[PDB]
$ cat start-v4.cif   # mmCIF, C-alpha atoms
data_protein
#
loop_
_atom_site.label_atom_id
_atom_site.label_comp_id
_atom_site.auth_asym_id
_atom_site.auth_seq_id
_atom_site.Cartn_x
_atom_site.Cartn_y
_atom_site.Cartn_z
CA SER A 1 172.00 182.72 180.56
CA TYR A 2 171.80 183.34 176.82
CA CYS A 3 175.23 185.02 176.84
CA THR A 4 178.35 184.90 179.00
CA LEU A 5 181.32 187.13 179.78
CA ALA A 6 183.26 185.34 177.04
CA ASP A 7 180.59 186.28 174.51
CA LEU A 8 180.65 189.92 175.59
CA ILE A 9 184.45 190.05 175.36
CA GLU A 10 184.40 188.42 171.93
CA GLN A 11 181.71 190.76 170.58
CA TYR A 12 182.99 194.03 172.09
CA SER A 13 186.65 193.29 172.89
CA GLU A 14 187.93 192.93 176.46
CA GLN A 15 189.05 196.58 176.67
CA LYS A 16 185.55 198.00 176.24
CA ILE A 17 184.04 195.55 178.74
CA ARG A 18 186.75 196.52 181.23
CA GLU A 19 186.11 200.23 180.63
CA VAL A 20 182.32 200.01 181.02
CA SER A 21 182.41 197.47 183.89
CA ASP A 22 185.12 198.79 186.25
CA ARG A 23 183.53 201.68 188.15
CA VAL A 24 185.83 201.98 191.18
CA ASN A 25 189.28 202.16 189.54
CA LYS A 26 190.27 205.02 187.23
CA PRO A 27 191.76 203.92 184.86
CA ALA A 28 190.02 200.53 184.83
CA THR A 29 192.08 197.43 185.61
CA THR A 30 189.71 194.44 185.92
CA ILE A 31 186.27 193.38 184.73
CA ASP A 32 183.65 193.25 187.48
CA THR A 33 181.92 189.89 187.15
CA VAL A 34 178.94 190.86 189.33
CA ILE A 35 178.02 193.87 187.19
CA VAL A 36 178.31 191.85 183.98
CA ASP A 37 176.19 189.08 185.51
CA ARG A 38 173.47 191.55 186.47
CA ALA A 39 173.47 193.13 183.01
CA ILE A 40 173.20 189.72 181.34
CA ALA A 41 170.40 188.75 183.73
CA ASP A 42 168.49 191.93 182.88
CA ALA A 43 168.90 191.26 179.15
CA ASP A 44 167.63 187.71 179.65
CA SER A 45 164.66 188.99 181.66
CA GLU A 46 163.68 191.41 178.89
CA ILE A 47 164.04 188.68 176.26
CA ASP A 48 161.86 186.34 178.33
CA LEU A 49 159.30 189.13 178.65
CA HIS A 50 159.21 189.20 174.86
CA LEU A 51 159.25 185.41 174.33
CA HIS A 52 157.01 184.10 177.12
CA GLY A 53 153.85 183.86 175.00
CA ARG A 54 155.28 181.68 172.21
CA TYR A 55 157.93 179.40 173.77
CA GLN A 56 158.72 177.74 177.08
CA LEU A 57 160.60 179.94 179.55
CA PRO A 58 163.43 177.70 180.80
CA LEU A 59 164.89 177.06 177.35
CA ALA A 60 167.19 174.05 177.37
CA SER A 61 169.21 175.54 174.49
CA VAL A 62 170.15 179.06 173.39
CA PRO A 63 169.54 179.95 169.71
CA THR A 64 172.35 181.93 168.11
CA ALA A 65 170.16 184.95 167.33
CA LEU A 66 169.20 184.89 171.00
CA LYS A 67 172.90 185.02 171.89
CA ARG A 68 173.46 188.08 169.70
CA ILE A 69 170.38 189.83 171.10
CA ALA A 70 171.39 189.07 174.68
CA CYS A 71 174.94 190.33 174.11
CA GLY A 72 173.68 193.58 172.63
CA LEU A 73 171.15 194.22 175.38
CA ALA A 74 173.69 193.34 178.09
CA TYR A 75 176.22 195.79 176.66
CA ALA A 76 173.55 198.48 176.46
CA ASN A 77 172.69 197.80 180.11
CA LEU A 78 176.31 198.30 181.23
CA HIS A 79 176.05 202.04 180.44
CA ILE A 80 174.93 204.07 183.45
CA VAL A 81 173.92 206.98 181.19
CA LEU A 82 172.79 206.24 177.63
CA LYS A 83 171.66 209.05 175.33
CA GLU A 84 169.28 208.69 172.40
CA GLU A 85 171.84 209.21 169.62
CA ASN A 86 174.43 206.87 171.12
CA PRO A 87 174.99 204.11 168.51
CA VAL A 88 174.81 201.44 171.23
CA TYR A 89 171.30 202.67 171.99
CA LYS A 90 170.40 202.33 168.31
CA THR A 91 171.73 198.77 168.26
CA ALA A 92 169.66 197.98 171.35
CA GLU A 93 166.58 199.44 169.64
CA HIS A 94 167.17 197.31 166.54
CA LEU A 95 167.52 194.18 168.68
CA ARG A 96 164.31 195.07 170.54
CA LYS A 97 162.63 195.45 167.15
CA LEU A 98 163.82 191.96 166.24
CA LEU A 99 162.40 190.64 169.52
CA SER A 100 159.06 192.34 168.91
CA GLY A 101 158.93 190.89 165.41
CA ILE A 102 159.55 187.44 166.87
CA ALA A 103 156.79 187.93 169.45
CA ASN A 104 154.25 189.08 166.84
CA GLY A 105 154.86 185.96 164.76
CA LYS A 106 156.69 187.70 161.91
CA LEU A 107 160.06 186.08 162.66
CA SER A 108 160.77 182.52 163.77
CA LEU A 109 163.17 181.53 166.52
CA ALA A 110 165.96 179.77 164.66
CA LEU A 111 167.76 176.49 165.32
CA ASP A 112 169.73 176.19 168.55
CA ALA A 113 172.48 173.86 167.31
CA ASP A 114 170.62 171.28 165.20
CA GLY A 115 167.05 171.03 166.57
CA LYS A 116 164.07 173.35 166.69
CA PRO A 117 163.01 175.39 169.74
CA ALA A 118 160.02 174.30 171.86
CA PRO A 119 156.88 176.33 171.07
CA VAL A 120 154.17 176.56 173.72
CA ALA A 121 150.81 174.78 173.35
CA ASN A 122 148.83 178.01 172.99
CA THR A 123 147.54 177.23 169.48
CA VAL A 124 146.94 173.53 170.18
CA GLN A 125 143.79 174.02 172.24
CA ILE A 126 140.52 172.83 170.73
CA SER A 127 137.37 171.78 172.58
CA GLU A 128 137.60 168.00 172.08
CA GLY A 129 135.42 167.06 169.12
CA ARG A 130 132.12 165.20 169.44
CA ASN A 131 131.73 162.94 166.41
CA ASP A 132 129.71 159.95 167.52
CA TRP A 133 127.90 158.18 164.66
CA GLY A 134 131.16 158.39 162.70
CA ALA A 135 133.25 155.63 164.30
CA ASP A 136 132.50 152.73 161.92
CA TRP A 137 129.70 151.24 164.00
CA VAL B 1 110.16 110.78 177.35
CA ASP B 2 109.93 114.24 175.78
CA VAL B 3 109.28 115.11 172.14
CA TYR B 4 113.04 115.32 171.47
CA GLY B 5 113.53 111.80 172.83
CA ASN B 6 115.73 112.74 175.78
CA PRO B 7 115.22 110.34 178.71
CA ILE B 8 112.86 111.70 181.36
CA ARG B 9 113.38 111.01 185.07
CA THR B 10 110.62 111.99 187.49
CA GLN B 11 113.09 112.33 190.38
CA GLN B 12 114.36 115.72 189.19
CA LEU B 13 110.84 117.19 188.88
CA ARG B 14 110.45 117.70 192.65
CA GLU B 15 112.73 120.76 192.70
CA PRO B 16 113.36 123.53 190.16
CA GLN B 17 116.67 123.37 188.32
CA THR B 18 117.64 126.90 189.42
CA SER B 19 116.97 126.20 193.11
CA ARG B 20 120.61 125.11 193.56
CA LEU B 21 121.75 128.41 191.95
CA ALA B 22 120.75 130.86 194.67
CA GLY B 23 123.35 133.27 193.26
CA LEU B 24 121.19 134.12 190.25
CA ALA B 25 118.20 135.34 192.28
CA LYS B 26 120.35 138.01 193.99
CA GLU B 27 121.54 139.74 190.80
CA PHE B 28 120.51 143.21 189.64
CA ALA B 29 120.33 144.51 186.08
CA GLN B 30 123.31 146.61 185.00
CA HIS B 31 121.27 149.01 182.82
CA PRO B 32 123.61 149.17 179.78
CA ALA B 33 121.33 151.62 177.94
CA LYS B 34 122.49 154.61 180.00
CA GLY B 35 125.40 156.33 178.28
CA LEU B 36 125.01 154.22 175.13
CA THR B 37 126.87 155.17 171.95
CA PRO B 38 126.80 153.52 168.51
CA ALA B 39 130.19 151.91 169.18
CA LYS B 40 128.95 150.52 172.50
CA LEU B 41 125.81 149.17 170.82
CA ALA B 42 127.86 147.50 168.08
CA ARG B 43 130.14 145.91 170.68
CA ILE B 44 127.13 144.69 172.67
CA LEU B 45 125.56 143.08 169.61
CA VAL B 46 128.82 141.47 168.48
CA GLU B 47 129.51 140.09 171.96
CA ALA B 48 125.96 138.72 172.10
CA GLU B 49 126.63 136.94 168.81
CA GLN B 50 129.47 135.13 170.61
CA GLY B 51 127.43 133.86 173.58
CA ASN B 52 127.30 136.84 175.98
CA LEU B 53 123.53 137.32 176.10
CA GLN B 54 123.44 139.05 179.51
CA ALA B 55 124.33 142.51 178.21
CA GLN B 56 122.03 142.12 175.20
CA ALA B 57 119.10 141.07 177.40
CA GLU B 58 119.60 143.97 179.80
CA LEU B 59 119.92 146.41 176.89
CA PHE B 60 116.70 145.06 175.38
CA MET B 61 114.89 145.49 178.70
CA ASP B 62 116.10 149.09 178.98
CA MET B 63 115.11 149.74 175.36
CA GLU B 64 111.62 148.42 176.05
CA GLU B 65 111.28 150.58 179.15
CA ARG B 66 112.72 153.86 177.81
CA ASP B 67 110.84 154.07 174.47
CA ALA B 68 107.12 154.80 174.71
CA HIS B 69 106.35 154.22 171.02
CA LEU B 70 108.18 150.89 170.87
CA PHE B 71 106.60 149.77 174.14
CA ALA B 72 103.12 150.68 172.90
CA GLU B 73 103.64 148.79 169.63
CA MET B 74 104.93 145.66 171.39
CA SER B 75 102.15 145.76 173.98
CA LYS B 76 99.50 146.11 171.27
CA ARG B 77 101.00 143.22 169.31
CA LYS B 78 101.06 140.94 172.36
CA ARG B 79 97.58 141.92 173.55
CA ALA B 80 96.35 140.96 170.09
CA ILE B 81 97.35 137.36 170.84
CA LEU B 82 96.26 137.46 174.48
CA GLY B 83 92.66 138.12 173.38
CA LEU B 84 92.31 135.09 171.09
CA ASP B 85 90.09 132.17 172.04
CA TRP B 86 91.85 128.81 172.00
CA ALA B 87 90.92 125.14 171.95
CA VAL B 88 92.62 121.74 172.07
CA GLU B 89 91.84 119.45 169.15
CA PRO B 90 92.60 115.73 168.72
CA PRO B 91 94.95 114.58 165.94
CA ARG B 92 93.83 113.76 162.41
CA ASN B 93 91.03 111.16 162.41
CA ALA B 94 91.66 110.44 166.07
CA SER B 95 90.25 107.41 167.89
CA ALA B 96 88.03 107.35 170.97
CA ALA B 97 90.98 107.06 173.36
CA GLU B 98 92.74 109.97 171.64
CA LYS B 99 89.54 112.04 171.78
CA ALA B 100 89.25 111.32 175.51
CA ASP B 101 92.89 112.33 176.04
CA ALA B 102 92.34 115.58 174.15
#
$ encode --input "start-v4.cif" --output "structure tokens"
Amino acid sequence: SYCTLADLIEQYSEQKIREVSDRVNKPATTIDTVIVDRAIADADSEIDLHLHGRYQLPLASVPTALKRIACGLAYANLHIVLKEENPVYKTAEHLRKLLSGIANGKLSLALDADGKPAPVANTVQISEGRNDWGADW
Amino acid sequence: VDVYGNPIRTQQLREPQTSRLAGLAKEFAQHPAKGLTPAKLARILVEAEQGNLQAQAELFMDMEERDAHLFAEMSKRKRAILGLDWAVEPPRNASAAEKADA
């Protein structure tokens, strides 16, 4: 859960979330929590797809850039039909580009609140090191 | 008495000293040469310096057994002595009794 309904409302205003989330009432009246939850879950799943090879999956903290990316992807997911030239689609593409840059080691995952994220041990591995005759015998 | 002057008692000569130590005769060598590293060898030598000669003795036995060149050299050196003729001589300007004892 890198973003919440509060984050979506704050980033896109409550009116737009209501309009793109209420599918049964015309005009919209309330925000459907289930739809928003599914959209946020899908955004988190995509982000994990991008970040699985460099960091641990169950992150204990959410970096701020991760919050922005999740909010953007979740909003893009709340559109049933999304054309290519829709600006929301372009924002989603830019965020996906940021994610790909992070995955390819060109961008670093920033601070969460004060501490660093938790990188995986992929680079750590070395055989073991056989150096007998060099132990001050 | 002996050469060192320690009192000698003929009572203790009837049985070997180690007879009352039947535990020793049942022991088996631990073979410390297998899986030996320079650190292990240094520890073995240092411990031997401090009075733990068991590990050092077993290591020396393994070393003798596992090296053909060293074993050949030691065997040649010892066989050199084993082939020497020997004799018992009386002390300097010994007397008739000393000559008979010799």
$ interface_residues --input "start-v4.cif" --of "chain A" --to "chain B" --cutoff "8 Å" --atoms "only C-alpha atoms" --output "ChimeraX atom specification"
/A:132-133,135-137
$ write_last_selection --input "start-v4.cif" --atoms "C-alpha atoms" --output "compact mmCIF listing (two decimals), in the coordinates of the input"
# COMPACT_ATOMS: atom_id res chain seq x y z
CA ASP A 132 129.71 159.95 167.52
CA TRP A 133 127.90 158.18 164.66
CA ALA A 135 133.25 155.63 164.30
CA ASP A 136 132.50 152.73 161.92
CA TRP A 137 129.70 151.24 164.00
$ residues_around --input "start-v4.cif" --residues "residue A:107" --least-positions-apart "3" --cutoff "12 Å" --atoms "only C-alpha atoms" --output "PyMOL selection string"
chain A and resi 51+54+65+97-104+110
$ write_last_selection --input "start-v4.cif" --atoms "C-alpha atoms" --output "PDB file, in the frame of the given file"
ATOM      1  CA  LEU A  51     159.250 185.410 174.330  1.00  0.00           C
ATOM      2  CA  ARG A  54     155.280 181.680 172.210  1.00  0.00           C
ATOM      3  CA  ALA A  65     170.160 184.950 167.330  1.00  0.00           C
ATOM      4  CA  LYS A  97     162.630 195.450 167.150  1.00  0.00           C
ATOM      5  CA  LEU A  98     163.820 191.960 166.240  1.00  0.00           C
ATOM      6  CA  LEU A  99     162.400 190.640 169.520  1.00  0.00           C
ATOM      7  CA  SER A 100     159.060 192.340 168.910  1.00  0.00           C
ATOM      8  CA  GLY A 101     158.930 190.890 165.410  1.00  0.00           C
ATOM      9  CA  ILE A 102     159.550 187.440 166.870  1.00  0.00           C
ATOM     10  CA  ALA A 103     156.790 187.930 169.450  1.00  0.00           C
ATOM     11  CA  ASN A 104     154.250 189.080 166.840  1.00  0.00           C
ATOM     12  CA  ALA A 110     165.960 179.770 164.660  1.00  0.00           C
TER      13      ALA A 110
END
$ resolve_selection --input "start-v4.cif" --expression "the PyMOL selection byres ((chain B and resi 31) around 12)" --output "tab-separated table (two decimals) with C-alpha atoms, keeping the file's coordinate frame"
chain	number	residue	atom	x	y	z
B	28	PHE	CA	120.51	143.21	189.64
B	29	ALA	CA	120.33	144.51	186.08
B	30	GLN	CA	123.31	146.61	185.00
B	32	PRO	CA	123.61	149.17	179.78
B	33	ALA	CA	121.33	151.62	177.94
B	34	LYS	CA	122.49	154.61	180.00
B	35	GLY	CA	125.40	156.33	178.28
B	36	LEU	CA	125.01	154.22	175.13
B	54	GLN	CA	123.44	139.05	179.51
B	55	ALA	CA	124.33	142.51	178.21
B	56	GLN	CA	122.03	142.12	175.20
B	57	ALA	CA	119.10	141.07	177.40
B	58	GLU	CA	119.60	143.97	179.80
B	59	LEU	CA	119.92	146.41	176.89
B	60	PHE	CA	116.70	145.06	175.38
B	61	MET	CA	114.89	145.49	178.70
B	62	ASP	CA	116.10	149.09	178.98
B	63	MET	CA	115.11	149.74	175.36
B	64	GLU	CA	111.62	148.42	176.05
B	65	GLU	CA	111.28	150.58	179.15
B	66	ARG	CA	112.72	153.86	177.81
$ closest_residue --input "start-v4.cif" --among "A:56, A:127, A:91, A:64" --to "residue A:111" --atoms "all atoms listed in the file"
A:64
$ resolve_selection --input "start-v4.cif" --expression "the PyMOL selection byres ((chain A and resi 78) around 8)" --output "list in words"
residues 20, 21, 35, 36, 39, 74, 75, 76, 77, 79 and 80 of chain A
$ residues_around --input "start-v4.cif" --residues "residue B:53" --least-positions-apart "6" --cutoff "9 Å" --atoms "all atoms listed in the file" --output "ChimeraX atom specification"
/B:44-45,47
$ residues_around --input "start-v4.cif" --residues "residue B:100" --least-positions-apart "6" --cutoff "12 Å" --atoms "all atoms listed in the file" --output "PyMOL selection string"
chain B and resi 88-91+94
$ atom_distance --input "start-v4.cif" --atom1 "atom CA of residue B:73" --atom2 "atom CA of residue B:87"
27.0 Å
$ closest_residue --input "start-v4.cif" --among "A:71, A:81, A:88, A:95" --to "residue A:7" --atoms "all atoms listed in the file"
A:71
$ closest_residue --input "start-v4.cif" --among "A:59, A:70, A:118, A:124" --to "residue A:44" --atoms "all atoms listed in the file"
A:70
$ resolve_selection --input "start-v4.cif" --expression "the PyMOL selection byres ((chain A and resi 8) around 10)" --output "PyMOL selection string"
chain A and resi 3-7+9-14+16-17+36+40+67-68+70-72+74-75
